[PDB]
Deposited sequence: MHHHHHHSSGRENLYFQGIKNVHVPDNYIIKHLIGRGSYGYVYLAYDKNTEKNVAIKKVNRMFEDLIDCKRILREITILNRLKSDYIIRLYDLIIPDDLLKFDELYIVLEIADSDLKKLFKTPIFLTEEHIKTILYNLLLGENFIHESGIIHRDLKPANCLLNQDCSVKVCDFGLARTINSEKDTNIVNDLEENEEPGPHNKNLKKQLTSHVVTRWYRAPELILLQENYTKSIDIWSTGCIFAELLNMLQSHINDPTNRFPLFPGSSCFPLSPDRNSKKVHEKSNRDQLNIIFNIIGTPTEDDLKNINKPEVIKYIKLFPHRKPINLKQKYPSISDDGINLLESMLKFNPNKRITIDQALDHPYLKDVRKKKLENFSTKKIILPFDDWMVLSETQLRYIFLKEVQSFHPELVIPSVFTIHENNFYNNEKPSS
């Protein structure tokens, strides 16, 4: 009987310059490890994604995740430092993704036995909003903002990652999804990211000791969809949303076109919104207003990033002074891609980090169909 090696460090095979230290936790599509890079004298995060081509939907999302990160350059966005050359260029079924390290992330933060001041909360929120503004002005809707992909440093700086679901302008966690996204509308805008921000803001507000003295009593605001094993999930999620912000008003339903959608919504019995000031009593009227404006059912009624950055609540932390090109992805987002095409693009992205890489000709024959504006 072999000893158990709980962190799985032995499964992590990377070049000599990287010293694998320990398991950080779960990332999107794989596990993330702390490593020291001897060549650049810094700590990095190395994510191993396995079973890459088993599910081509996930595979394309992994590709989208790395192609976007490779093209965004901002202090508000996790840097992609390296894509490690696969041992087998023809048959690789895994990829090692090397990322800028952060001290923590919001998901981890909320589980820690520490408390935040209101200054911390405003600073984190303000930094998140700055990141989102950079994302949107780069022509991207993140579409899956959640505590797990808002990385955090000790100085409250925020770095966004995990762009696998992003739009050009498994049990899934639906707790941070806008109602219009839950209602399977294909007409939605960057305002879905503002909804997600409101959800994250609510959890940041749980970090005040005067609100919650016991860290184990901190919960997401809309935990409607089950953690455990599509229609029932979406229904349950909509249901908890309405429990918090009330059923939609007549003016809310006016903004929607499809009568099948309205009819479905009407099936939900009427209820009033809960009192947010009561839920978060240590927060000023302006703070409640900001949270309220982020969590509007009607996306046109939802506060914008510009407005939020201008909001009285954030006046004290705003740094107008210390504060963009639209990105072009090497594939069109509508194309369904074959495994052979996917393999080509992956290796091209690897080649951006390793120019001496010779991509096999069975893949390079696809070269004329991609990277048309690069």
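What residue ranges of the deposited sequence are absent from the coordinates?
Going by the record, the segments left unmodelled (no C-alpha atoms) fall at 1-10, 180-210, 271-280, 375-377, 429-432.
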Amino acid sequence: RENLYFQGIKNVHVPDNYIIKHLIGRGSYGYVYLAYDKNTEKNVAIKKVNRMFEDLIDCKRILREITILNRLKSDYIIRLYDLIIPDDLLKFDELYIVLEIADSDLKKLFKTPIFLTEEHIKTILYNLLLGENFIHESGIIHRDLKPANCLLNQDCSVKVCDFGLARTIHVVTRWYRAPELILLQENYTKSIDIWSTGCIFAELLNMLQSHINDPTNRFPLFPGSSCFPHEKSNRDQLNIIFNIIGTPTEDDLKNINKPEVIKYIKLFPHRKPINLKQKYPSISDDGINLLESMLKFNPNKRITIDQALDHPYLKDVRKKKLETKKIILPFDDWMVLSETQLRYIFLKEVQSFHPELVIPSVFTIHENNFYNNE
From here on, numbers count along this sequence of modelled residues.
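In the PDB record, does 202-210 or 185-193 carry the higher mean Cα temperature factor?
Of 185-193 and 202-210, the stretch with the higher C-alpha B-factor average is 185-193.
Select between 257-265 and 96-104 the stretch whose C-alpha atoms have the higher average B-factor in the entry.
Mean CA B-factor is higher for 257-265.
Could you check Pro86, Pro147, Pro248, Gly131 and tell me which one carries the biggest Cα B-factor in the deposited entry?
Answer for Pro86, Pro147, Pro248, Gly131: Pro248, with the highest C-alpha B-factor.
Using the entry's values, work out which of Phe219, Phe228, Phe163, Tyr81 has the largest Cα B factor.
Within the set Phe219, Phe228, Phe163, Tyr81, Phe228 shows the top C-alpha B-factor.
Sorting the chain's modelled residues by C-alpha B-factor, tell me whether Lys325 ends up in the lowest, middle or highest third.
Tercile = highest for this residue's CA B-factor.
Pull the Cα B-factor of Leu337 out of the PDB entry and bin it into the chain's lowest, middle or highest third.
It falls in the top third of the chain.
Based on the entry's values, in what third of the chain does the Cα temperature factor of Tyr33 lie: lowest, middle or highest?
As the PDB entry reports it, the C-alpha B-factor of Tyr33 lands in the lowest third of its chain.
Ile303: which third of its chain by C-alpha temperature factor?
Middle third.
Thinking about Cα B factors across the chain, which third does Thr40 belong to?
For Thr40, whose C-alpha B-factor we compare with every modelled residue in the chain, the answer is the highest third.
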